[PDB]
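Shown here: my_file12.txt, compact mmCIF, N, CA and C atoms and all ligand atoms.
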# COMPACT_ATOMS: atom_id res chain seq x y z
N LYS A 1 170.21 118.78 102.11
CA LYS A 1 169.17 119.68 102.68
C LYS A 1 167.89 118.90 102.99
N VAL A 2 167.32 119.15 104.16
CA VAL A 2 166.01 118.60 104.51
C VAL A 2 164.98 119.71 104.38
N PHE A 3 164.05 119.54 103.44
CA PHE A 3 163.04 120.56 103.12
C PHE A 3 161.90 120.55 104.12
N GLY A 4 161.27 121.71 104.30
CA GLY A 4 159.95 121.80 104.91
C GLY A 4 158.90 121.47 103.86
N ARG A 5 157.72 121.07 104.33
CA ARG A 5 156.62 120.66 103.46
C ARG A 5 156.22 121.76 102.46
N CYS A 6 155.90 122.94 102.97
CA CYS A 6 155.49 124.04 102.09
C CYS A 6 156.66 124.61 101.28
N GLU A 7 157.87 124.57 101.83
CA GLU A 7 159.07 125.01 101.12
C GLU A 7 159.27 124.15 99.86
N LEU A 8 159.13 122.84 100.01
CA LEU A 8 159.26 121.91 98.88
C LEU A 8 158.12 122.10 97.88
N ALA A 9 156.89 122.21 98.38
CA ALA A 9 155.73 122.44 97.51
C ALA A 9 155.95 123.67 96.61
N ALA A 10 156.45 124.75 97.20
CA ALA A 10 156.71 125.99 96.47
C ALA A 10 157.79 125.81 95.41
N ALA A 11 158.85 125.08 95.75
CA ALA A 11 159.94 124.81 94.81
C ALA A 11 159.49 123.92 93.65
N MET A 12 158.66 122.92 93.94
CA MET A 12 158.14 122.01 92.91
C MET A 12 157.18 122.74 91.97
N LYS A 13 156.35 123.63 92.52
CA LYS A 13 155.45 124.44 91.71
C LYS A 13 156.22 125.36 90.76
N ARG A 14 157.22 126.07 91.29
CA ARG A 14 158.06 126.96 90.48
C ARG A 14 158.73 126.23 89.32
N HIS A 15 159.09 124.96 89.52
CA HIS A 15 159.71 124.14 88.47
C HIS A 15 158.70 123.37 87.60
N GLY A 16 157.41 123.66 87.78
CA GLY A 16 156.37 123.15 86.88
C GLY A 16 155.89 121.72 87.10
N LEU A 17 155.94 121.23 88.34
CA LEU A 17 155.42 119.88 88.67
C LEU A 17 153.92 119.82 88.96
N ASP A 18 153.32 120.95 89.31
CA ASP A 18 151.89 121.01 89.60
C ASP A 18 151.06 120.69 88.34
N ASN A 19 150.32 119.59 88.40
CA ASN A 19 149.53 119.10 87.25
C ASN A 19 150.35 118.60 86.06
N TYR A 20 151.61 118.25 86.28
CA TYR A 20 152.45 117.69 85.22
C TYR A 20 151.96 116.27 84.93
N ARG A 21 151.60 116.03 83.67
CA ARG A 21 150.94 114.78 83.25
C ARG A 21 149.68 114.43 84.05
N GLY A 22 148.98 115.45 84.55
CA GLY A 22 147.75 115.25 85.31
C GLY A 22 147.91 114.95 86.80
N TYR A 23 149.14 114.95 87.31
CA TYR A 23 149.37 114.69 88.73
C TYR A 23 149.45 116.00 89.51
N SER A 24 148.42 116.26 90.32
CA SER A 24 148.36 117.45 91.16
C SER A 24 149.54 117.51 92.13
N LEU A 25 149.86 118.72 92.59
CA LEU A 25 151.06 118.96 93.39
C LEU A 25 151.15 118.06 94.64
N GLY A 26 150.01 117.81 95.28
CA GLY A 26 149.97 116.96 96.48
C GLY A 26 150.54 115.56 96.30
N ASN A 27 150.34 114.98 95.12
CA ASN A 27 150.94 113.68 94.77
C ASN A 27 152.47 113.67 94.89
N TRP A 28 153.11 114.72 94.38
CA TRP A 28 154.58 114.82 94.37
C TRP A 28 155.16 115.06 95.76
N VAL A 29 154.47 115.86 96.57
CA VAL A 29 154.91 116.11 97.95
C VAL A 29 154.78 114.84 98.80
N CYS A 30 153.67 114.11 98.62
CA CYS A 30 153.46 112.82 99.29
C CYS A 30 154.56 111.81 98.92
N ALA A 31 154.83 111.69 97.63
CA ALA A 31 155.89 110.82 97.13
C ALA A 31 157.24 111.14 97.81
N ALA A 32 157.58 112.43 97.88
CA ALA A 32 158.88 112.85 98.43
C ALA A 32 159.00 112.51 99.92
N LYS A 33 157.92 112.70 100.67
CA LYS A 33 157.91 112.38 102.09
C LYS A 33 158.27 110.93 102.35
N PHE A 34 157.58 110.01 101.68
CA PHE A 34 157.75 108.58 101.95
C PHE A 34 158.96 107.94 101.25
N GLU A 35 159.45 108.54 100.17
CA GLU A 35 160.66 108.06 99.48
C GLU A 35 161.94 108.48 100.21
N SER A 36 162.00 109.73 100.67
CA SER A 36 163.25 110.30 101.20
C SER A 36 163.16 111.04 102.55
N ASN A 37 161.96 111.13 103.13
CA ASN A 37 161.71 112.01 104.29
C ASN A 37 162.14 113.47 104.03
N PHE A 38 161.89 113.93 102.80
CA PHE A 38 162.22 115.29 102.33
C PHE A 38 163.73 115.62 102.32
N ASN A 39 164.58 114.59 102.34
CA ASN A 39 166.03 114.77 102.46
C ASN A 39 166.72 114.60 101.11
N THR A 40 167.38 115.65 100.62
CA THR A 40 168.05 115.59 99.32
C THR A 40 169.22 114.61 99.29
N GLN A 41 169.80 114.30 100.45
CA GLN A 41 170.97 113.42 100.51
C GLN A 41 170.66 111.93 100.72
N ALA A 42 169.39 111.55 100.70
CA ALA A 42 169.01 110.15 100.91
C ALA A 42 169.57 109.22 99.81
N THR A 43 170.11 108.08 100.23
CA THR A 43 170.49 107.01 99.31
C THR A 43 170.07 105.66 99.89
N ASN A 44 169.75 104.71 99.00
CA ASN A 44 169.37 103.35 99.39
C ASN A 44 169.80 102.36 98.33
N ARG A 45 170.45 101.27 98.74
CA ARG A 45 170.90 100.24 97.80
C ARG A 45 169.79 99.24 97.51
N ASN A 46 169.70 98.82 96.25
CA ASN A 46 168.78 97.76 95.84
C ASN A 46 169.50 96.42 95.76
N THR A 47 168.72 95.35 95.66
CA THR A 47 169.27 93.98 95.67
C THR A 47 170.12 93.66 94.43
N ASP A 48 169.77 94.26 93.30
CA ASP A 48 170.48 94.03 92.04
C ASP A 48 171.79 94.82 91.91
N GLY A 49 172.10 95.65 92.91
CA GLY A 49 173.35 96.42 92.91
C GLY A 49 173.19 97.88 92.54
N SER A 50 172.02 98.26 92.03
CA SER A 50 171.72 99.66 91.74
C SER A 50 171.43 100.43 93.03
N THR A 51 171.38 101.75 92.92
CA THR A 51 171.19 102.64 94.06
C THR A 51 170.16 103.71 93.69
N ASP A 52 169.33 104.08 94.66
CA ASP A 52 168.33 105.15 94.51
C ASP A 52 168.88 106.42 95.16
N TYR A 53 168.73 107.57 94.49
CA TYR A 53 169.36 108.82 94.91
C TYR A 53 168.38 110.00 95.03
N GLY A 54 168.51 110.74 96.12
CA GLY A 54 167.88 112.05 96.24
C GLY A 54 166.46 112.05 96.76
N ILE A 55 165.83 113.22 96.65
CA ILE A 55 164.52 113.47 97.23
C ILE A 55 163.40 112.60 96.62
N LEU A 56 163.55 112.20 95.35
CA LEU A 56 162.59 111.29 94.72
C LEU A 56 163.20 109.91 94.38
N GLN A 57 164.32 109.58 95.02
CA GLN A 57 164.92 108.25 94.98
C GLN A 57 165.03 107.66 93.57
N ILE A 58 165.70 108.41 92.69
CA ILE A 58 165.85 108.02 91.30
C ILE A 58 166.95 106.97 91.14
N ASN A 59 166.64 105.94 90.36
CA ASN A 59 167.40 104.70 90.30
C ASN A 59 168.53 104.77 89.26
N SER A 60 169.71 104.30 89.66
CA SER A 60 170.89 104.29 88.79
C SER A 60 170.84 103.22 87.69
N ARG A 61 169.90 102.28 87.77
CA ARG A 61 169.74 101.26 86.73
C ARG A 61 169.44 101.87 85.36
N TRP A 62 168.64 102.94 85.33
CA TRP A 62 168.23 103.57 84.07
C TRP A 62 168.54 105.07 83.93
N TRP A 63 168.59 105.81 85.04
CA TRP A 63 168.39 107.28 84.97
C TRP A 63 169.63 108.16 85.20
N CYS A 64 170.63 107.65 85.91
CA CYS A 64 171.85 108.42 86.17
C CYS A 64 173.08 107.51 86.25
N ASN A 65 174.27 108.11 86.17
CA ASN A 65 175.52 107.36 86.22
C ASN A 65 176.21 107.48 87.59
N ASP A 66 176.41 106.34 88.27
CA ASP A 66 177.18 106.32 89.52
C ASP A 66 178.49 105.53 89.44
N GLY A 67 178.81 105.01 88.25
CA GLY A 67 180.07 104.30 88.03
C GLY A 67 180.22 102.94 88.70
N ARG A 68 179.13 102.39 89.23
CA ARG A 68 179.17 101.09 89.89
C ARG A 68 177.90 100.26 89.68
N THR A 69 177.19 100.52 88.59
CA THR A 69 176.01 99.76 88.22
C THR A 69 176.27 99.25 86.80
N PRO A 70 177.09 98.19 86.67
CA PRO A 70 177.53 97.80 85.33
C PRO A 70 176.37 97.41 84.41
N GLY A 71 176.46 97.82 83.14
CA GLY A 71 175.42 97.57 82.16
C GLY A 71 174.22 98.50 82.23
N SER A 72 174.28 99.53 83.08
CA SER A 72 173.16 100.45 83.28
C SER A 72 173.10 101.55 82.22
N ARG A 73 172.00 102.30 82.24
CA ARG A 73 171.81 103.44 81.36
C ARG A 73 171.84 104.73 82.17
N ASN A 74 171.94 105.86 81.47
CA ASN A 74 171.99 107.19 82.06
C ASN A 74 171.07 108.11 81.24
N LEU A 75 169.77 107.88 81.33
CA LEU A 75 168.80 108.55 80.46
C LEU A 75 168.54 110.02 80.80
N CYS A 76 168.85 110.43 82.03
CA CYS A 76 168.78 111.85 82.38
C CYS A 76 170.10 112.60 82.13
N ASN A 77 171.14 111.88 81.69
CA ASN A 77 172.42 112.47 81.29
C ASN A 77 173.09 113.26 82.42
N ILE A 78 173.14 112.66 83.61
CA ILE A 78 173.70 113.31 84.79
C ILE A 78 174.42 112.31 85.68
N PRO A 79 175.44 112.78 86.43
CA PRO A 79 175.95 111.93 87.50
C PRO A 79 174.91 111.84 88.62
N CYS A 80 174.79 110.68 89.25
CA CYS A 80 173.80 110.49 90.31
C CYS A 80 174.00 111.47 91.48
N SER A 81 175.24 111.92 91.70
CA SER A 81 175.53 112.86 92.78
C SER A 81 174.83 114.21 92.58
N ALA A 82 174.53 114.56 91.33
CA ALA A 82 173.75 115.77 91.02
C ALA A 82 172.34 115.74 91.62
N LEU A 83 171.82 114.54 91.86
CA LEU A 83 170.50 114.37 92.47
C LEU A 83 170.50 114.56 93.98
N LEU A 84 171.68 114.73 94.58
CA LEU A 84 171.79 114.93 96.03
C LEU A 84 171.94 116.40 96.42
N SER A 85 171.89 117.30 95.44
CA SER A 85 172.10 118.73 95.66
C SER A 85 170.96 119.39 96.44
N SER A 86 171.26 120.51 97.10
CA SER A 86 170.23 121.32 97.76
C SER A 86 169.29 121.98 96.74
N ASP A 87 169.78 122.17 95.52
CA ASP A 87 169.00 122.66 94.39
C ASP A 87 168.31 121.46 93.74
N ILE A 88 166.98 121.45 93.70
CA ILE A 88 166.23 120.28 93.20
C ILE A 88 165.99 120.26 91.69
N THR A 89 166.57 121.22 90.97
CA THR A 89 166.37 121.33 89.53
C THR A 89 166.61 120.01 88.79
N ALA A 90 167.76 119.38 89.04
CA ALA A 90 168.12 118.15 88.33
C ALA A 90 167.14 117.01 88.63
N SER A 91 166.78 116.84 89.90
CA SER A 91 165.79 115.83 90.31
C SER A 91 164.43 116.03 89.62
N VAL A 92 163.94 117.27 89.62
CA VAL A 92 162.64 117.58 89.00
C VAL A 92 162.65 117.31 87.49
N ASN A 93 163.70 117.75 86.80
CA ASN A 93 163.79 117.54 85.36
C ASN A 93 163.89 116.06 84.98
N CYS A 94 164.56 115.26 85.82
CA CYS A 94 164.67 113.82 85.59
C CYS A 94 163.35 113.10 85.91
N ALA A 95 162.67 113.54 86.97
CA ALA A 95 161.36 113.00 87.34
C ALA A 95 160.31 113.22 86.24
N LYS A 96 160.41 114.36 85.55
CA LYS A 96 159.52 114.64 84.41
C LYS A 96 159.65 113.60 83.29
N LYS A 97 160.87 113.13 83.05
CA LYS A 97 161.12 112.09 82.06
C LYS A 97 160.55 110.75 82.52
N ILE A 98 160.76 110.42 83.79
CA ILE A 98 160.29 109.15 84.36
C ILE A 98 158.77 109.03 84.29
N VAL A 99 158.07 110.04 84.80
CA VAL A 99 156.60 110.01 84.87
C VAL A 99 155.97 109.99 83.47
N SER A 100 156.72 110.45 82.47
CA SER A 100 156.28 110.44 81.07
C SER A 100 156.53 109.12 80.33
N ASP A 101 157.11 108.11 80.98
CA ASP A 101 157.54 106.89 80.26
C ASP A 101 156.46 105.83 80.02
N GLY A 102 155.26 106.04 80.56
CA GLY A 102 154.12 105.15 80.31
C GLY A 102 153.46 104.59 81.56
N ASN A 103 154.23 104.46 82.64
CA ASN A 103 153.70 103.94 83.92
C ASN A 103 153.30 105.03 84.92
N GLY A 104 153.47 106.29 84.55
CA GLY A 104 153.06 107.40 85.42
C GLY A 104 153.80 107.37 86.74
N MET A 105 153.11 107.71 87.82
CA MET A 105 153.74 107.74 89.15
C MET A 105 153.86 106.36 89.82
N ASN A 106 153.36 105.31 89.17
CA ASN A 106 153.56 103.94 89.68
C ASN A 106 155.03 103.52 89.73
N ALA A 107 155.91 104.26 89.05
CA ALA A 107 157.36 104.04 89.17
C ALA A 107 157.87 104.21 90.59
N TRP A 108 157.18 105.04 91.38
CA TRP A 108 157.53 105.25 92.77
C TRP A 108 156.70 104.34 93.68
N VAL A 109 157.33 103.28 94.17
CA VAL A 109 156.65 102.27 95.00
C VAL A 109 155.90 102.87 96.20
N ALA A 110 156.54 103.82 96.89
CA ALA A 110 155.93 104.46 98.05
C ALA A 110 154.68 105.27 97.66
N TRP A 111 154.69 105.86 96.47
CA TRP A 111 153.51 106.59 95.99
C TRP A 111 152.34 105.63 95.77
N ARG A 112 152.60 104.51 95.09
CA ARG A 112 151.56 103.53 94.80
C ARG A 112 150.92 102.95 96.07
N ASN A 113 151.74 102.72 97.08
CA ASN A 113 151.30 102.04 98.30
C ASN A 113 150.78 102.97 99.40
N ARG A 114 151.19 104.23 99.38
CA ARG A 114 150.88 105.16 100.48
C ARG A 114 150.19 106.47 100.07
N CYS A 115 150.21 106.82 98.79
CA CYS A 115 149.64 108.08 98.29
C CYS A 115 148.45 107.88 97.34
N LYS A 116 148.59 106.95 96.40
CA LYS A 116 147.53 106.65 95.42
C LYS A 116 146.20 106.32 96.11
N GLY A 117 145.13 106.97 95.67
CA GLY A 117 143.79 106.71 96.20
C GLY A 117 143.47 107.37 97.53
N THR A 118 144.28 108.35 97.93
CA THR A 118 144.04 109.10 99.17
C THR A 118 143.76 110.57 98.86
N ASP A 119 143.42 111.32 99.91
CA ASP A 119 143.32 112.77 99.86
C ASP A 119 144.74 113.34 99.83
N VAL A 120 145.30 113.49 98.63
CA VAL A 120 146.66 114.04 98.47
C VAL A 120 146.73 115.57 98.61
N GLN A 121 145.60 116.26 98.44
CA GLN A 121 145.55 117.71 98.64
C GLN A 121 145.94 118.12 100.07
N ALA A 122 145.70 117.23 101.03
CA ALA A 122 146.12 117.44 102.42
C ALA A 122 147.62 117.77 102.58
N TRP A 123 148.46 117.30 101.66
CA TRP A 123 149.90 117.54 101.72
C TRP A 123 150.32 118.97 101.35
N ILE A 124 149.44 119.73 100.70
CA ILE A 124 149.71 121.15 100.42
C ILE A 124 148.75 122.09 101.16
N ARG A 125 147.89 121.51 102.00
CA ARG A 125 146.93 122.29 102.78
C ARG A 125 147.69 123.19 103.75
N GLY A 126 147.30 124.47 103.80
CA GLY A 126 147.93 125.44 104.70
C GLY A 126 149.09 126.22 104.09
N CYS A 127 149.58 125.79 102.93
CA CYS A 127 150.70 126.46 102.28
C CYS A 127 150.25 127.67 101.48
N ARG A 128 151.13 128.66 101.41
CA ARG A 128 150.84 129.94 100.76
C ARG A 128 151.37 129.94 99.33
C1 LIG B 201 161.51 105.48 78.47
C2 LIG B 201 161.64 104.38 79.51
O1 LIG B 201 160.93 103.20 79.12
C3 LIG B 201 163.11 104.05 79.74
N1 LIG B 201 163.29 102.72 80.34
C4 LIG B 201 164.74 102.41 80.30
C5 LIG B 201 165.26 101.98 78.91
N2 LIG B 201 165.08 100.55 78.53
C6 LIG B 201 164.72 100.33 77.10
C7 LIG B 201 163.76 101.32 76.46
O2 LIG B 201 162.79 101.79 77.09
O3 LIG B 201 163.96 101.62 75.26
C8 LIG B 201 164.33 99.78 79.56
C9 LIG B 201 163.82 98.40 79.17
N3 LIG B 201 162.76 97.89 80.08
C10 LIG B 201 161.55 97.30 79.43
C11 LIG B 201 161.18 97.80 78.04
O4 LIG B 201 161.21 99.02 77.72
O5 LIG B 201 160.84 96.92 77.22
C12 LIG B 201 162.53 98.55 81.41
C13 LIG B 201 161.23 99.35 81.53
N4 LIG B 201 161.23 100.69 82.21
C14 LIG B 201 160.05 101.54 81.88
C15 LIG B 201 159.09 101.08 80.79
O6 LIG B 201 159.52 100.48 79.78
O7 LIG B 201 157.87 101.35 80.92
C16 LIG B 201 162.56 101.37 82.37
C17 LIG B 201 162.82 102.75 81.74
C1 LIG B 202 161.54 95.67 73.67
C2 LIG B 202 160.07 95.90 74.03
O1 LIG B 202 159.95 97.17 74.69
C3 LIG B 202 159.20 95.86 72.77
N1 LIG B 202 158.03 96.75 72.86
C4 LIG B 202 157.50 96.98 71.50
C5 LIG B 202 158.25 98.06 70.70
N2 LIG B 202 157.90 99.50 70.89
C6 LIG B 202 159.05 100.47 70.84
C7 LIG B 202 160.38 99.98 71.39
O2 LIG B 202 160.41 99.20 72.37
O3 LIG B 202 161.43 100.38 70.84
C8 LIG B 202 156.85 99.70 71.92
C9 LIG B 202 156.51 101.11 72.42
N3 LIG B 202 156.02 101.14 73.84
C10 LIG B 202 156.95 101.69 74.87
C11 LIG B 202 158.25 102.29 74.38
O4 LIG B 202 159.10 101.53 73.88
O5 LIG B 202 158.44 103.52 74.52
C12 LIG B 202 155.16 99.98 74.26
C13 LIG B 202 155.45 99.19 75.55
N4 LIG B 202 155.96 97.77 75.50
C14 LIG B 202 157.16 97.47 76.36
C15 LIG B 202 157.83 98.64 77.04
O6 LIG B 202 158.48 99.43 76.33
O7 LIG B 202 157.73 98.78 78.28
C16 LIG B 202 155.88 97.06 74.17
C17 LIG B 202 157.00 96.10 73.72
GD GD B 203 161.65 101.03 78.95
NA NA B 204 156.85 106.01 85.17
Write the structure described by the file as structure tokens, please.
Ligand SMILES: C[C@@H](O)CN1CCN(CC(=O)O)CCN(CC(=O)O)CCN(CC(=O)O)CC1
Ligand SMILES: C[C@@H](O)CN1CCN(CC(=O)O)CCN(CC(=O)O)CCN(CC(=O)O)CC1
Ligand SMILES: [Gd]
Ligand code: NA
Amino acid sequence: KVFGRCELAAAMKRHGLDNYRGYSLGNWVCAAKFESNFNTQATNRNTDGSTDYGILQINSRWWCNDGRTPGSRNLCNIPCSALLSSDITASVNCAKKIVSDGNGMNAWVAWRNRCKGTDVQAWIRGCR
């Protein structure tokens, strides 16, 4: 599924991402745009053999099981394919664990380089 901007904002709010660990809703919508272009089915391979999955590009090295990242962990206790669903519940719940690990939203490279230090409220402007 490819989300609309306000559609995604509303879904993220309902699942409790707004102000989670002090990150306002606009931060999360910005992150999703540049990580996946709002597409739940996005995947990208990394150089070490791991793969990033879903709307927030969660990495198989630590967070989910894809059966082809030998020596990896599965800290969200899910198959990586669960992160590609039209229902974003699994992605949101796993992202909550990631952002809580000590590095905050710096775990998302696109957020650090394209969202951090900007007017992030602009990403939810106009939404009901
Ligand atoms: C809770 C997260 O920390 C999970 N973590 C995966 C689990 N392991 C071991 C462990 O963290 O117990 C990773 C080891 N490693 C360095 C280290 O931790 O010393 C990578 C660091 N990151 C994040 C960070 O450490 O801030 C990856 C996410
Ligand atoms: C193996 C290293 O990870 C050692 N580690 C010291 C041991 N403890 C607890 C533990 O790591 O089991 C530290 C707790 N803490 C984060 C956390 O662990 O959750 C501090 C961060 N760093 C590294 C990192 O975790 O990224 C400190 C180095
Ligand atoms: Gd760690
Ligand atoms: Na983090």
Quiz item: Nearest to residue A:121 among A:51, A:24, A:19, A:37, with distances taken over all atoms listed in the file: which residue is it?
Solution: A:24
Practice problem: Enumerate the residues of chain A with a DSSP assignment of alpha helix (DSSP H), computed from the backbone, and present them as a ChimeraX atom specification. | Solution: /A:5-14,25-36,89-99,109-114
Quiz prompt | Environment of ligand LIG 201 (chain B) within 6 Å, counting only N, CA and C atoms and all ligand atoms, reported as a PyMOL selection string | solution = chain A and resi 62+101-103
Practice problem: Please identify all polymer residues within 12 Å of residue A:81, counting only C-alpha atoms, omitting same-chain residues fewer than 5 positions from it, and present them as a ChimeraX atom specification. | Solution: /A:40-43,51-55,57-60,63-67,86-88,90-91
Residues of the last selection are to be written out with N, CA and C atoms, as a PDB file, in the frame of the given file.
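Everything below was put into selection.pdb:
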ATOM      1  N   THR A  40     167.380 115.650 100.620  1.00  0.00           N
ATOM      2  CA  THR A  40     168.050 115.590  99.320  1.00  0.00           C
ATOM      3  C   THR A  40     169.220 114.610  99.290  1.00  0.00           C
ATOM      4  N   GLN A  41     169.800 114.300 100.450  1.00  0.00           N
ATOM      5  CA  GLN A  41     170.970 113.420 100.510  1.00  0.00           C
ATOM      6  C   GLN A  41     170.660 111.930 100.720  1.00  0.00           C
ATOM      7  N   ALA A  42     169.390 111.550 100.700  1.00  0.00           N
ATOM      8  CA  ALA A  42     169.010 110.150 100.910  1.00  0.00           C
ATOM      9  C   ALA A  42     169.570 109.220  99.810  1.00  0.00           C
ATOM     10  N   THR A  43     170.110 108.080 100.230  1.00  0.00           N
ATOM     11  CA  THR A  43     170.490 107.010  99.310  1.00  0.00           C
ATOM     12  C   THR A  43     170.070 105.660  99.890  1.00  0.00           C
ATOM     13  N   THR A  51     171.380 101.750  92.920  1.00  0.00           N
ATOM     14  CA  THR A  51     171.190 102.640  94.060  1.00  0.00           C
ATOM     15  C   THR A  51     170.160 103.710  93.690  1.00  0.00           C
ATOM     16  N   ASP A  52     169.330 104.080  94.660  1.00  0.00           N
ATOM     17  CA  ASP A  52     168.330 105.150  94.510  1.00  0.00           C
ATOM     18  C   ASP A  52     168.880 106.420  95.160  1.00  0.00           C
ATOM     19  N   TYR A  53     168.730 107.570  94.490  1.00  0.00           N
ATOM     20  CA  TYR A  53     169.360 108.820  94.910  1.00  0.00           C
ATOM     21  C   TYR A  53     168.380 110.000  95.030  1.00  0.00           C
ATOM     22  N   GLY A  54     168.510 110.740  96.120  1.00  0.00           N
ATOM     23  CA  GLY A  54     167.880 112.050  96.240  1.00  0.00           C
ATOM     24  C   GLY A  54     166.460 112.050  96.760  1.00  0.00           C
ATOM     25  N   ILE A  55     165.830 113.220  96.650  1.00  0.00           N
ATOM     26  CA  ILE A  55     164.520 113.470  97.230  1.00  0.00           C
ATOM     27  C   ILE A  55     163.400 112.600  96.620  1.00  0.00           C
ATOM     28  N   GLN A  57     164.320 109.580  95.020  1.00  0.00           N
ATOM     29  CA  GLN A  57     164.920 108.250  94.980  1.00  0.00           C
ATOM     30  C   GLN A  57     165.030 107.660  93.570  1.00  0.00           C
ATOM     31  N   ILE A  58     165.700 108.410  92.690  1.00  0.00           N
ATOM     32  CA  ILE A  58     165.850 108.020  91.300  1.00  0.00           C
ATOM     33  C   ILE A  58     166.950 106.970  91.140  1.00  0.00           C
ATOM     34  N   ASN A  59     166.640 105.940  90.360  1.00  0.00           N
ATOM     35  CA  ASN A  59     167.400 104.700  90.300  1.00  0.00           C
ATOM     36  C   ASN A  59     168.530 104.770  89.260  1.00  0.00           C
ATOM     37  N   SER A  60     169.710 104.300  89.660  1.00  0.00           N
ATOM     38  CA  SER A  60     170.890 104.290  88.790  1.00  0.00           C
ATOM     39  C   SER A  60     170.840 103.220  87.690  1.00  0.00           C
ATOM     40  N   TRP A  63     168.590 105.810  85.040  1.00  0.00           N
ATOM     41  CA  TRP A  63     168.390 107.280  84.970  1.00  0.00           C
ATOM     42  C   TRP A  63     169.630 108.160  85.200  1.00  0.00           C
ATOM     43  N   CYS A  64     170.630 107.650  85.910  1.00  0.00           N
ATOM     44  CA  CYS A  64     171.850 108.420  86.170  1.00  0.00           C
ATOM     45  C   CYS A  64     173.080 107.510  86.250  1.00  0.00           C
ATOM     46  N   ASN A  65     174.270 108.110  86.170  1.00  0.00           N
ATOM     47  CA  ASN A  65     175.520 107.360  86.220  1.00  0.00           C
ATOM     48  C   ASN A  65     176.210 107.480  87.590  1.00  0.00           C
ATOM     49  N   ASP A  66     176.410 106.340  88.270  1.00  0.00           N
ATOM     50  CA  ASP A  66     177.180 106.320  89.520  1.00  0.00           C
ATOM     51  C   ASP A  66     178.490 105.530  89.440  1.00  0.00           C
ATOM     52  N   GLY A  67     178.810 105.010  88.250  1.00  0.00           N
ATOM     53  CA  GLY A  67     180.070 104.300  88.030  1.00  0.00           C
ATOM     54  C   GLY A  67     180.220 102.940  88.700  1.00  0.00           C
ATOM     55  N   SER A  86     171.260 120.510  97.100  1.00  0.00           N
ATOM     56  CA  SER A  86     170.230 121.320  97.760  1.00  0.00           C
ATOM     57  C   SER A  86     169.290 121.980  96.740  1.00  0.00           C
ATOM     58  N   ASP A  87     169.780 122.170  95.520  1.00  0.00           N
ATOM     59  CA  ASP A  87     169.000 122.660  94.390  1.00  0.00           C
ATOM     60  C   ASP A  87     168.310 121.460  93.740  1.00  0.00           C
ATOM     61  N   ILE A  88     166.980 121.450  93.700  1.00  0.00           N
ATOM     62  CA  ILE A  88     166.230 120.280  93.200  1.00  0.00           C
ATOM     63  C   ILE A  88     165.990 120.260  91.690  1.00  0.00           C
ATOM     64  N   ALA A  90     167.760 119.380  89.040  1.00  0.00           N
ATOM     65  CA  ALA A  90     168.120 118.150  88.330  1.00  0.00           C
ATOM     66  C   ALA A  90     167.140 117.010  88.630  1.00  0.00           C
ATOM     67  N   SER A  91     166.780 116.840  89.900  1.00  0.00           N
ATOM     68  CA  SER A  91     165.790 115.830  90.310  1.00  0.00           C
ATOM     69  C   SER A  91     164.430 116.030  89.620  1.00  0.00           C
TER      70      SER A  91
END
Practice problem: Check stretch 4-127 of chain A with DSSP on the backbone and list each residue it calls strand (DSSP E), as a ChimeraX atom specification. | Solution: /A:43-45,51-53,58-59
Quiz item: How far is it from atom N of residue A:78 to atom N of residue A:98, in Å with one decimal?
Solution: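 Straight-line distance from atom N of residue A:78 to atom N of residue A:98 works out to 12.6 Å.
Distances to residue A:27 were evaluated for A:76, A:122, A:6, A:84 using only N, CA and C atoms, and the minimum falls at A:122.
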Quiz item: At what distance in Å, to one decimal, does atom C of residue A:18 lie from atom CA of residue A:80?
Solution: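 Answer for the atom CA of residue A:80 to atom C of residue A:18 separation: 25.0 Å.
If you measure from each of A:69, A:23, A:75, A:13 to ligand GD 203 (chain B) using only C-alpha atoms and all ligand atoms, the closest one turns out to be A:75.
Note that atom N of residue A:61 and atom N of residue A:73 are 5.9 Å apart.
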